[PDB]
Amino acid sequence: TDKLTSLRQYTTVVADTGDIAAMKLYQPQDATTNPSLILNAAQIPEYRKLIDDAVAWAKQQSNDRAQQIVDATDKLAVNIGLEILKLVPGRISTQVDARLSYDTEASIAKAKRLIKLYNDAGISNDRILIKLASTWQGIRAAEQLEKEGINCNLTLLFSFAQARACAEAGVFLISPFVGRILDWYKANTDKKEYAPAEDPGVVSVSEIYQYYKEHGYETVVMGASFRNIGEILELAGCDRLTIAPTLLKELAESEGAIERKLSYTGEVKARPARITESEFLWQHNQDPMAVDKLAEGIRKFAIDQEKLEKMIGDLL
């Protein structure tokens, strides 16, 4: 049989898309969306109903243009999540406005607003992950949210400083990126081709996995962002992997059994003192890839948010 089935022996497969068609085809446990995937899904003709409901809902909440734009964009993202939850038994990830990524208080408020919208639609917190960029401010936001029963997905995770800080904050889940790390190394070193085991994204996730398991951290490790199935197969055994439909299709179409690659068998090791903000900043900025790609990811997600607001603004 096939590599997707074989991978599922070792790893919980999660679908990276806002498209319900993929949920029906691959039957993933969880799904992840982000502002870019929301923007994309808002282009699907059968999703027109959801956009219209969002706008109609926003118009019931206030007579203010600016607030309606915000309400409508939020309710759209939640509506898409609601449709996905009908077809997946686990979590939906919904990302907060990336423009809030360096503001802890605002991120906490936006997360709670998204959670309220889900709760009012009849969905409990154990079905939701709020996605936040893994800046110091987002990690601090997540730490508080978890204490209030709101589970988070810490995204745009590139540096070891980020990984360490997330574990220490007790966040429910992290999405350490793989493919964007590969992108950076191709652009910034002479080495353009990598064996799967040498892929710097694969190395990143493998080392984060080891660090979490060896210190008994319960934060779910979920690899995200993939350029090819070689990366995915090298991470077989990762707690979860969120994978785009294109690569789910390649896995399902690929014959052959695979082996588990990521395991930890040893003792639980003593934890260090918590990393301080200053230490975090020093160590994150030691990593030029991480410096670039965290900042870039946030810029790109904010641009897509702005495009979503323009679309919604055109319909008011």
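In case it trips you up, residue 1 is the first one in the sequence shown, and so on.
- Stretches compared: 21-29, 294-302. Higher mean C-alpha B-factor in the entry: 21-29.
- A summary of the deposited B-factors shows that, of 241-249 and 126-134, the stretch with the larger mean C-alpha value is 241-249.
- The PDB entry assigns the greatest CA B-factor among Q210, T155, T189, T104 to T189.
- In this structure the maximum Cα B-factor among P196, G223, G201, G216 is found at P196.
- In this PDB entry, the Cα temperature factor of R274 sits in the middle third of its chain's modelled residues.
- Residue-level temperature factors show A58 in the middle third of its chain, judged at the C-alpha atom.
- For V205, the recorded CA temperature factor ranks within the lowest third of the chain's modelled residues.
- Among the modelled residues of its chain, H284 has a C-alpha B-factor that falls in the lowest third, as given in the PDB entry.
- Per the deposited record, the Cα B-factor of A161 falls in the lowest third when ranked against the other modelled residues of its chain.
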